[PDB]
Structure formats: structure tokens, C-alpha cells
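Everything below concerns the one structure shown next.
Chain IDs A, B, C, D, E and F follow the sequence of writing; residue 1 opens each chain.
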Amino acid sequence: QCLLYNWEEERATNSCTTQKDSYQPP
Amino acid sequence: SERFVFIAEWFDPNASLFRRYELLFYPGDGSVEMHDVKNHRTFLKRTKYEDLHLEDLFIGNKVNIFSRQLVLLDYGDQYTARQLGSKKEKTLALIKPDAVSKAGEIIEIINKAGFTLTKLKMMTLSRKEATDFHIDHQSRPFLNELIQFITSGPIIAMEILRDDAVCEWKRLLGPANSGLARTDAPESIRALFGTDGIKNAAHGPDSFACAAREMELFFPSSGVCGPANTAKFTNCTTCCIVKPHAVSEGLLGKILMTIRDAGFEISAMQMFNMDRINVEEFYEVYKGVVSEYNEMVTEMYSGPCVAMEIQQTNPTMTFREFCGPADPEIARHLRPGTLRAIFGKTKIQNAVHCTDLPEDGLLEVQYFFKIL
Amino acid sequence: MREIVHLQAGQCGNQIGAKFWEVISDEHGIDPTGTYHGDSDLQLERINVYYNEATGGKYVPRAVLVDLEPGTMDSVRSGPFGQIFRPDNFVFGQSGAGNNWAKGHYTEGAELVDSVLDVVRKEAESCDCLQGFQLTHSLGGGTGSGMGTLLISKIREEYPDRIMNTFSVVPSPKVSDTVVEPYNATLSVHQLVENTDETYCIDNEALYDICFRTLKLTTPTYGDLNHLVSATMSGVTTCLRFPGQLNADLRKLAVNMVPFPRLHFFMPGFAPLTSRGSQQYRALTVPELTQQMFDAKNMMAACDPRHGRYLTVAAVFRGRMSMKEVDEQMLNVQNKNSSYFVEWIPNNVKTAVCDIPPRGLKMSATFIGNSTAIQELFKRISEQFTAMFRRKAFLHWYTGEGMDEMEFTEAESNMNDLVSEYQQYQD
Amino acid sequence: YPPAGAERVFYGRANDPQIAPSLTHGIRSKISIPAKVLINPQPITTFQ
Amino acid sequence: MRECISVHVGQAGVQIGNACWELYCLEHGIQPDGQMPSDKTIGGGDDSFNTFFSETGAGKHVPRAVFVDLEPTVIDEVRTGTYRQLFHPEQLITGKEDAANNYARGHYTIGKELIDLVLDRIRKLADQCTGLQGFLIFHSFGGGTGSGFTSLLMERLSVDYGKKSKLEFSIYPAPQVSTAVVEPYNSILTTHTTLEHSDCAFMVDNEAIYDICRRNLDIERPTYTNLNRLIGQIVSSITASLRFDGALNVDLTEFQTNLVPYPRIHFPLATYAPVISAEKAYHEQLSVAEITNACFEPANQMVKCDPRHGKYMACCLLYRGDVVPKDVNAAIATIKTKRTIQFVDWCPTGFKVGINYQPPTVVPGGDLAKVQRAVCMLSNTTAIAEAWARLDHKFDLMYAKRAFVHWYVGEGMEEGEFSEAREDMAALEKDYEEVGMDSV
Amino acid sequence: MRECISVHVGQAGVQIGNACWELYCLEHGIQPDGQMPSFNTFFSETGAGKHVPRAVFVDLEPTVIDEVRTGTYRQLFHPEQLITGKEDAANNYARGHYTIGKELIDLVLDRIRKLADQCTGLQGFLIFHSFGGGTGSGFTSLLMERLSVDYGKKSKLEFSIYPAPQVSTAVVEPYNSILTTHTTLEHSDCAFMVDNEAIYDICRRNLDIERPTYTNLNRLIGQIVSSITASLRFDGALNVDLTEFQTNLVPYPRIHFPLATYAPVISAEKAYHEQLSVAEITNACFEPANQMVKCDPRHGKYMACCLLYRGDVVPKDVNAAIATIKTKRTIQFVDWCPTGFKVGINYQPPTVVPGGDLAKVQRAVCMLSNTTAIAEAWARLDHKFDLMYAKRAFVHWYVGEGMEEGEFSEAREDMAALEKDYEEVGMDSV
């Protein structure tokens, strides 16, 4: 709320394997 | 600004790989811009180009830019889908069996209304699809001549893509029965076409949901769709016509009005063609004979063509002389009444391509629908 | 048999070089894929001069393409005729050459010339008989006058026998686009007079003047000018590609128009240039084409040849014409004004003819002339340089890059020696 | 007497339909577009 | 790969940058929450969003700028404003107390605590990118924060980086009016550590921008939001060729060598040509041959000077929109013949042209119309010397009996910097005076 | 390339300009909004179809120009062109020429440069001003001068309103009218002349409309200014440009003060009862009445008249009629003019302005003549100066404002010379 310290952070916050993406069916 | 974005797809002829591009169109100045999505680099920049028209950009349509012919496959964004894909609907049309004598008038009326034809073919359905169109068509009234004519003979069937074509084609028909059409007697297609009520009428879908059932019944998927619907030969069918680019100009309707003069018939109808191997390999007559042969096939590549079956009716004027000489301006100089002086728009690309050798006329027409 | 490599240096030289393929691919029937798409067969008998066959009927241009800014790479890899090019001939440059002769030569061009000489040599030793080199570039900017001028000597170090040709643009007579261009022009012509065998001097206000006084084109878009350069650049090389009843290659233009080894500064031109409204209102024949050929306004230098004497003239004609009308019309204009031609060369003009013109014209030509009046071009920059040199105007960037004041004095002296011997042969 | 934050409107102009914040996508005198030089020395014809 | 980087020091640096980054997100597609505009989809290649933005994994374009200021107040207004999602919060750094119009606090006692953090922040911005081309220093000569802390950012960046070019944008203390009282002190002491530590410094007077809004525009009563939009238009047009395709692009690297003759004369002026209200744009025929004629005329300048009393050395003209290369060439031809405007006689060319294809866009809420063409003039003029001489006279009035000095020298500051800045500034004037005459 | 920037100065000007630019507009076709439902001489094209006019309406007062800025034709004139001040001049040359004027001299001269930098062949500047007010005489003198040095050559014509004979509006006018002579005499390629009282007559004895107002009158100076600038616009046979008029009407460098006389000034309720043949119209300009400056030309020598016709006027009659006027033993011509008449003809007919006093005739003839009768005029006003200057009256202001009593004497001295020159110009050559 009051702008002192880290109030940025307060206000801001208030299935694949290498074979099946390279060796797919041609 | 106000960009038109489309997903392009071109096949490189020696690299047997599919290249996925992103076609940009700029209306108001006619600019074109190819754009690659395989990598993060451009292909073409914002350059003016006049051979593109706004009506040619359709999903599934085939277009030629910079001698590089690509097919449109997807929509680039939701804006073009809202601007074009929201209203562009493909409807089903089927002319009456008794409306064959004015078949081109239905084509001319469809072309003048803005309904471009994408699948307009006279096709003979299979045995299952002959009764499939007769299964949904069921009523207490007598259906003796209404069901017998469709299953055996050929009729002019067409799929037209336009804006709200389901309601636009239904607006063109109006009344269904010929007696009700004669009672209304308005300026409509069903007033001047369609005989004996439901025995032969220009049938149209009542809704887009029921349009799929009607479109699949007449022209199904290419497993049992049927390659041919007319006679392979008639001992005089040595004349075959071709409209490679005149279909996109709206000349398909008027080319049938001007061929019916001097007592010539109509037999065949189709609306599909491909890029290379079905036209280049089978123009073997023109493989080395004709000079400027490259231009002779360039305009055939872009637009799909319709091929026409003609048998010789009167030996006074054959079709080979009715069309005229090779150059369309010479057709103007020889006699303006010939076919290619009337409709020859391009310098050497004609409206109709005939069979030059009379012996190959029966060979060429037997390929186009019986083989395909 | 005979071949020419193509070199593009600088932003100006790149798209004059790129527009060249808008003019010689349709004269050779090459569509923007590399395949052949054309009418006549005689296009494809001497395709080896500019194009190299790749695998599968795909003609790739023989061109070495270098610039030090990436922003000009996309302009030449454009949509129309960009993908015909070999993609690894594109010699990139990350840090831009900041319009300095010293940056193009000493530091920034040093790490790239090692790559350019390797990619020049690949399309130089890979054939049977190399004939010519073509380097289109600029003399105002620091990239064309810094890299091509560095490539004017590194190339000649191991190819001294073979004729090489350059297509240089010069700062315009009155209104120009660069403020440090006399520094670049003086330093560039130091090596262009000692290495180049044929170099055609092209202005920019003359290309405007030929677009209004002759073409009557109310607003020339800026790609229109490079097309008029590339039409002439497609004409000087027409006989080693297309047959003729009396043909002339680059060497035979070189031995005839260069009397002495330091006099190769030429003035080009293209004869049949008509307006749209004067296409119907003008006959196209050999005499009248020649009358527009020697017109001062039809020249690529805005300075008229009245103040000088033509040391040598060559005319290269194209089209099915007669020899006698070529012979008599160049004889008659030789004797009509004999005071504008030098007296110590009696057969002062050279004639060349081809059989096939460029497409769309039944009969054309191209002009290449050596005149004493090109001294006025060089007298401008020599007067402009000494205005900028006695005050040390923009010398901070040149001296800080690794170069002394002795190179500027040597360049000014060699311009003055160049001017002095032109004045010597004026009388 | 301008109160807060904008420009001065002349009194004979304050009660007309303002069209200047609508169509002024194009203000500049657009430079004319000619015929190209791809046509004037390079047309195309044929044998006929 | 052809990108640049900017740092904004001071309240004026960030408030101008508020007006700049509105225009940078309207030229490129990027929405206020750092995103592509949805729907309308520009694709992969199209690499114009690189010179001022950094692309992450998703479509989150993050600007290439760090906004450092010792006051929290104006930075926090940016951080709570309509662009809170655009700037990365670790780029929106802030100080603790302001320098409070004090050069000593901005350089020695308050400016030394952020100097390690701002150099680390620029270094990872520089490490993330590869094709660095220039630096854009946005600040003001008036205050002690924006002029004292940038003196560190002019010197530490010169030692660490060096050969890479680095451009400066500043607010000239106004000639007739002034904002504060200690402004002539803060103005000239930075020049000792700005002269040999910079490549070019675009100098801008806010009082002339008042005169532009009064006459060229129809808007009396200008707010600072309206003033900094003109500066945003200028900074967009200098860097327009670095991002956008043009017939004659000019890179930032050759921009120096065709503007600054000598390594000490690096103070160009600015001029934006089509500063026309929307109604008068509906009236006037606007064309190339008269729009750069309006650049040279004294009533469209951005700094109080006089082209009729000051001779130009080199002129850099940058065009936008529907420009064609003779239209400048006919315009240079008709203005070389003008006997009102004088150049220096040892520079016969005296011109650099810049041609760009895409016209400027206008931010909503402004007064400019969507004009299809624009000119930005950046000229070295001898008339900046008499703008320096009045500021040296303003300093001498206070320094005659040594007033407003105990605020400086008490905070770790000496009097030798006051002494040496006078003959340093005298070295500016004698270098700008010796080019006034030509040798016959 | 037949442009003609037209600086309108003084209430007379900004009240002669509304009527004059209304004709132009109603002629070429430009509506009171530019958008048109040749035009270059007066109007200038913009990006779209907004043909903005090309003038520099000026007035050190802020009232009349403010009406235009709020009047009917409002969006036509550009906010800038209509330059205006904040304090009047108060019929005192000194003010408009030595004081207040100095302030608005830059704004106007500068805007003039801009209207001129968009011209590719300005054929000449026209100044429309009064000769008895402040901006009328003071500012005009200034603009006239600076414009002479800078724009140079460019013909400078001054359509103006000279103090009338007996009728008048101001008492300090005589001084001004003569204190603005060393301006015209020198800087003024050719100065036409009008006279309120004279136009009241031509709009009462010819227009039938009695009680005429400034509008009813201004329309006639506008119809006249539309015949000198007719050829440069609409085409015709013998077409005379602003330069020609001069090289056929200025018989000597100094003597450049012609007298205008429109001819077919008739009411529709009468023009439909006459033949109005070239003959008739012609004989009118040479009748001592239609003259627009009370100076009966039967007391002078018609040096070089310039008959500029318009409409359906075939050259044959133009020659026959001219001959009849050249054999009338009632007109009288200088010996040094064997010829005498410059006949021009434009097919475009005169245009009728809604609510106009004139009629839609099919032929018209403005006859710019150079007589030795303009002398008589400068002589009447001359006396009205010596009568007041004697008792150094109304001189306390001028001298204070910022000038010297010396100038007053020089004005009358210079004026005196003009009258003498005019006398020797037309003396039977012996």
C-alpha cells in the first residue's frame, strides 16, 4: 500500500520425449 | 495498413518438401508480402503487385504470384476469419433435369449474383448414394418420376461459395413446385426452370445443417464418388473445350449461351484441376510443337478449369473452325463472329482450347472424366 | 568459354547490381526460380558468362555480394529476384561502415576481405577460361569506395592478365546526399586509376536530367534510375553473349578505348530512350538513333562534351540493321563536327553491332565514350577536397581510424596528375 | 480565459461539426505516381 | 542486431521518456501491457521491435531502457501508471533522496551509491543484446540529479565501453526564463565532464517549444505532457532509420561522421517540421519543397538562436513517409540559392539526407494531425555559441561574490572545479568562434 | 503558373475582399468551403479537394477580419492568412506606418513569402487598400516598400479607394491621402483608382437602386478586378496578362495612375430592353459619367486607353466600334499616340452574384484609361491639405506618434511634381 520497500511485490501479488518430437511417424 | 494475412503453402519443384509461408495482402494499394514461419526471416517486402485481386484470396484457392504458385490453407488471424470466414459459406445447388435446355442461364445467373463456383460438376453417384439422396427425400406425394430421373441421368450440380449463400440460393428459388412457381411468377430461377413440381426442380438446402446431407449425397468423398457421368464416346465427340482462366472472370455462364447457338449440345461438367502432372504430361501433342509453350500452360495452372464434351452436329461449321485460329487478335481479324474473337481476353491465352487433331479428340475427351 | 563474375559493394552498388538481374534474366529467359522461361533458344548458348548452372536446371547468378550493413541484405534478398542468388555468397557485415574510406579499407574491411577473396576465388577457378570482372559500387559513400577500392587491388594482385570492369557512381554536379564525399572520392580514385581497366563514370543529376528532358517522366521513383544504368550495363557485354555480324567483347573495347594505361575514365549511355507520348511520334531507325546517341542530354554525365574532345568513341549496336548505315552515319557525324574529335586518331570511332536487341525494342544500342570533358568531373572534387583539406574539416574520423595526412596529399597529387594529363591531350 | 488543459477555439468555430479529427488520415499532398521505366524502354510484343 | 539502448537520468529524463515510450509502443504494435496487439498478427521476421525492445519467450516485449532517478516520486508515478506492466521493475530503479539541484550530491555523496547498481543494470542489458550501436542519454542540464548523476553515466560508460557510440539528449536552461535559481551552476560544471566524454549532444530549449505550441500549434497553455511529445517525435525520427526500411537509410554510426567536423564541436540543434494543428492541416497544402524550407526558418526552431545570425557547418535531414529522392534534391537546390541562409564557406556539400518509407503515427490526445510526411532537422550551427555566452554571463553574476557555494563545497566539493570550468567554457567559445570566418 | 497573391489591407480591403473573393469563388466554382462540387490564379489545391484561396487579408484592427473568420465563407480562408492586430490605427498614417504597424509587418511579410514559395510563376501582387485610414495608408506604405525590395520585379498593382471630391467620412483624411503619395508614385507598377461618390452615381443613374450601400458598391470594384484577372484565368482570343496591360497603359515610368470604367452596369429590369451590342457598351466607357473617379475626361488627353472586353465579342465589331470612338471629335487624344487602344477579349462571360445589383449581360468592357484628368483629382484634395496645414491643425498627433512635420511638406512637394509631370506629358507636341 504505502510506497516504502518492495511494495512492487506487494501490489503485484496482492508429456513429450525426444523420440516423440523427432522420431514421429514419417 | 488494414492488413490481410493468410497462411501460404508453396511446393518447390526440385525440393520435394512442403514450404509453409504466411501471405500478406494490403488492400487499397495492392501490395503483397510473403513471410516465412519456418524461421524468423522474411521472404518478400511491401511491393506493389497488380495481378492479385481481392476475390482470389479464398481458403483452398490456388493463386500465382511472382511465377510461384501457392495454395491458401489457413487463416492468418481471427480478424480475417471475422472479416471473411464469418460470412463466406459454401452452399449446395442442383439444377432440374428439365432445366438442361437453359443450363448456362442458371450459370449466368449464379455468376452475376456473385456466387463463385468451386465444385460445379455433373457427377453420377454410386448405388448407395443414389438411394441416400432418395432416403431423406420422403413424402406422402407420389415419387415415381421424381426419384427415377435423379438416379440414372445426369443433372447440373454445383457448389457455390458466396456471402450467406444458404439464404442467397434459397432467395433465388423461392417456390418449390412449378405450379406454385407459375402462380407467383416472379423474377426468379424457379419461375423459368423446374418442371412438374418435385419431379424436376432446382433443389436447394433449407438450412446449412441439412446442406451437408444434400452435398454428400450428390458429390461424396472420392472413394465411391464416381469419375464419370456421361458417355465416353458418341462416334463424333472429337471436340473438347477448356476454360482455364475464364471461370474466374465470370464467363462460365455466357460461354454456355454462345455454344448452344448453331445447334450444339451440352454433356459434361466438372470443376477440378491440379498443378503439374495431370496437365503437363498429357499435353503431349503440344510437347515440342507450339512456340511460346510456357505461356500456353501458365494461365491454366492458376485457375481450375471446366472441360466440355462436344460432338459434331452440323458438318458445315466444325468446332475446330468455330473456335478459330491460335491468336485471339487474329480471330478478330479473320471473322468477329468466331468464339475466340468474342471472348479472347488475354494476348495468347484464349477462352476455349479445342482439339487440334481430329483423331486425338476422342482420345482426349475419354481421359478427362472416364479416367478421372 | 567467356565468363564474368559480378561484385556488388556498398548500398548503391548492391541494388544497381540487383537490378541488373531484372534486366539480364528476362533477356536470358530466367524466371525468379532459376528455371528457364522464355521464347528463343539463342538466349541459352552463352549463359556461362553471367550464370552458373546448378543441379537440376536451376541457373544461379555468378555474383559476389558484399556490404557492411545488414539493412541492405534484405533489399537484395527481396521478393522479385532475390532467391535466384547463391545464399552463401551473401557476405554479411555486423558493424556498419560509418561512411569512412578508412573504415572500408583499414580496420572494418580487413576482417571481411579475407572472406570475400575466398568467395571470389570459388567462382573464379571453377571454370575453364575467366574473362572479366564486374564491380558495381559507389564513390560517395564509405562502403562502396572503401571495400570495392580495397577489392580493386587485392583482386589485381593475382589476376593481372584479365580485364576487369567497374561501374562507379560519382557525386552529383550540383546537389548530393553526402557531406564527406570529396574525402571518399579523392581517396577512391587513387586506386581506381592504377588498377581498373574499364571504369564508367555515372553521375546522379544526369540520371535525373535524362528522366525529364528525354523520358518526360514526371516523378521518377528511385529504382527507375538504377534500371537505366543496368540497361547500359547490359549493353556493353552483349557480344560475348549474343552473336552478331560484327561483335565486340570487353577486351576489344578495352584495347580500342584505352590509348594509355591511365586513361580509362569513360562516359556511358543508352540511345533509344523515348517518352510515353513520343513513342508514336518518332520513327525508330539507325540514323535517328545515332542523332540521339551523341546528344549531350542523353549522357550519364551532366557535363556536355562541348568543352572536351573525344579521345576514343565506341558504339555497340543491337538489332538486325545494315552495316553501311552504321558506317555512313558514324562517318558523317565524324566530319560534321571534326573540331570536337581529336586529330591525332584519324579513325577515332569504333563500331560494334549485335543481331538480337533487348525484349520489346526492335532495335537498340548502347554508348561508351572516352572524352576529355570528364576532366570537369574531377576538377569539381579536386576543388571541393582542397576546401575541406586546408581547414582539416572532417579529418578527425579519418585520422583516428588509423590513417595519416600523407594519404590525402598523395590522393590529391594523383588527382592533379590525372587532371594535368587530360589537359595535356586537350591540345 | 483558458481554464485547464488544451487549445484555443475561435467563437465562430466552436459550434460547427468538427471534421478535422475524423478524415485527416491524409493531410499531405500525396506525390503523384507515374508510369514505371520497366515499360518505356522495355515493352513486349510478339510476332504478329 | 541493429539495436540501441537508452538510459534516462533525472525527472526530465523519465518524464520525456514517458512521452517517448508512448510513441514507441504506437509505432510498433506493442500494447501498453508489453504485448502484441492480439488479433492482427504480424509474424516472425519483421524485425523492427529490436532497437527499443527485448523479446522474451511469450509475446512480452520489454523496453531496452533503465530509468534511474534519485527521487522516488516521479518513478513511482510511472510504476503505478498505465505502463506498469511494460517496464520490468528491476529497470525501474530509484534512489533514496534527490540530489536536490546540487551537482555535488549528484556526483559525490548521493550519486555514488547507485553507481554500482546502474552499471550492473546496463551491463546485463548490454550482455543480453549482441548488436549494440549507440546509447541514448535522456536528461536535463538544470537539476542536480539529472545533470550530476548523468556525469557519472557519461564517464563510467566511456571507460567501460569506449569505442561504441553514445548519444546525448538534454534540456538547455532557458535563455530568458528559468525554472530554478542554481541552474547556471549545474549547467556548465557538467560540460567539463561532458565534452571529452561524448560523441554528440542534442541540446533542446523548452522555451522555444513554448513558442512552437503558441504559434505553430493553436494551443496556448501547454502542459509538460504536450511539450515532451515533440521531443518524443524527434527521438523517434533519429532512430527511425535504425528500425524501418527506407530508400536511403542512415545508420547511427555514420550519423556522427557526417555531422560533427571536429572532436569538440558536437552540439547540434533540433527541428521538427510539420508541427501543424489538425484544423490547419485540413487547410494547408503541405509538400516537400516547403516543409524543409520551414525547418531553416527561425520561427520553427527548438532552441532560441538565429539562423540569420549563425552559419551552419553540416545539416542532417531525416524524412518520413511519402518522400521521393528528387523532392529533397529539388529542395536542397532551391535553398542553396537562398541568400538569407548562410553556410560556412569551407563545406560546399553541407548536407546529409535521410529517406524513410513509413509515415509517423500520432498518439491520441495530441494536437498533430496524421500527416503522411515528416522532417527532422539536426544541424550544427555557430549560433549555439551565443546561446553559450549568455549562460556563461549568468554564471558570472553569482560567482562574482561567491554565492550559493556553501551547499556545494560542504558536500565533498572543491572550488577548483569552479575555476577550471570558466576557461573550459572559454575553450568552447574560442573553438566555436574560429570557424566563423573563411580564409580568402 | 498564372498565380496572383492579393494582399487586402484596411477595412476597405477586408470589405472589398469579401465581395471580390466571393465573385472568384462563385465563378471558378469553389463553394464557401473549398470542396468544388485556372482556379490556380486565385485558389491553391490541397491534398484533397480543398482549394484554399491565396491572399493575406490584413487589418491592424481586430473587428472586420473577425467577422470573416465567423462569416459565411469561414472554412475557405486559412486561419493564418487572415492576420490581425490588437489596436487600431485611428486615421493617422504616423501610427500605421511608424508605430503600431512595425508590430504586424513581420507576420504579414513572412506569410507572403509562404504564399509565394508555393507559386511557380506569380504573375504579380495586387494590393487593395483605402487612402484615408491607418492600416489603409500607414501599413500599405510599409508593405509596399519591404515588398518592393524583397520580391522585387514582380509587378505591383494597387486597386484602391482615393478620397472622394465633395463627400467624405474623415476630417484628417486629406493629410493621409497626400502623406501616402511618395509611396504609390514610386513603389506601384500601376495604381488603379476608385471613388465612393462616383460609384454611388453609377449605382443610381445606371443601376436604378437608390440608397446604395458599401456591399452594393464593392461588387463593382470586384467585377472590375475580375476583368484584369480574366485572361490569366479563363481563356479567349486576344488575351492580355497583367504585364501587357502595363506595357500598353503606362505611357511613361512615373505616370502610372489609370482610371477604371466598367461599361454594362444595368439592372435586369432594363438590360432586357436594350440590345447591349459591343458598340453601345464601348461608347459607355468613353462617356463622362461611367468613369469610376469623378474626373470628367473631357478636360484631359486620353493617352493610352485599354479596352478589355469579355463574353460574346467578335474582333470585327471590337475594331469597328473602336474606329467610331477614334473619329468622334469629342474625346481627344495626345499626339504621341497614333494608335491608342489595346483590345483584349475573353469568351467566359461576366458572372452574376446572388443578391447582386448588376445583370446577366452577355458582354462587358472594363476600360483602364490613362488620361491627364486624374490630375484634377489630386488637385482638389491638394487644396484640402493646404487649407488645414496652414493652421497646422491635426498635426499634433502625427508629429508625436513618431514622425516629423518635414514629411508633410515633402508629401505635397512630391505630389506637386506629379501634377507638373502630368501637365507636360500631354502638351500638343510642337
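Rule of thumb we're sticking to: a contact is a pair of C-beta atoms (placed from the backbone, for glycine too) under 8 Å apart; a residue touches a chain by one contact, two chains touch by 3 or more.
For reference, the UniProt names are B = Nucleoside diphosphate kinase homolog 7; C = Tubulin beta-4B chain; E, F = Tubulin alpha-1D chain.
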| item | value |
| --- | --- |
| Contact-graph separation of chain C and chain D, given in steps at minimum | 1 |
| Selected pair, greater C-beta contact count between D-F and D-E | D-E |
| Chain whose Cα centroid lies at the greatest distance from that of chain B | F |
| Chain occupying the middle, per Cα centroid | D |
| Inter-centroid spacing, chain C versus chain A (mean Cα positions, whole Å) | 58 |
| Between chain F and chain E, distance of the C-alpha-averaged centres to the nearest whole Å | 53 |
| Length of the line joining the C-alpha centres of chain B and chain D, rounded to whole Å | 42 |
| Centre-of-Cα separation between chain F and chain A, whole angstrom | 81 |
| Per-residue multi-chain contacts in chain F, two or more chains | 45-47, 79 |
| Residues of chain B whose C-beta touches two or more other chains | 42, 45, 292 |
| For chain C, residues contacting two or more additional chains | 74, 219-221 |
| All chain pairs that touch each other | A-E, B-C, B-D, B-E, C-D, C-E, D-E, D-F, E-F |
| Footprint of chain E on chain A - complex, ascending | 3, 8, 11-12 |
| Complex contacts: residues of chain E adjacent to chain A | 72, 76, 79-80, 89 |
| Contact set on chain E toward chain F in their complex | 218, 279-280, 282-287, 289-290, 293, 299 |
| Chain B to chain C touching residues, read off their complex | 13-14, 32-34, 42-45, 47, 66-68, 291-292, 294 |
| Residues of chain E touching chain B in the complex | 39-41, 43-47, 245 |
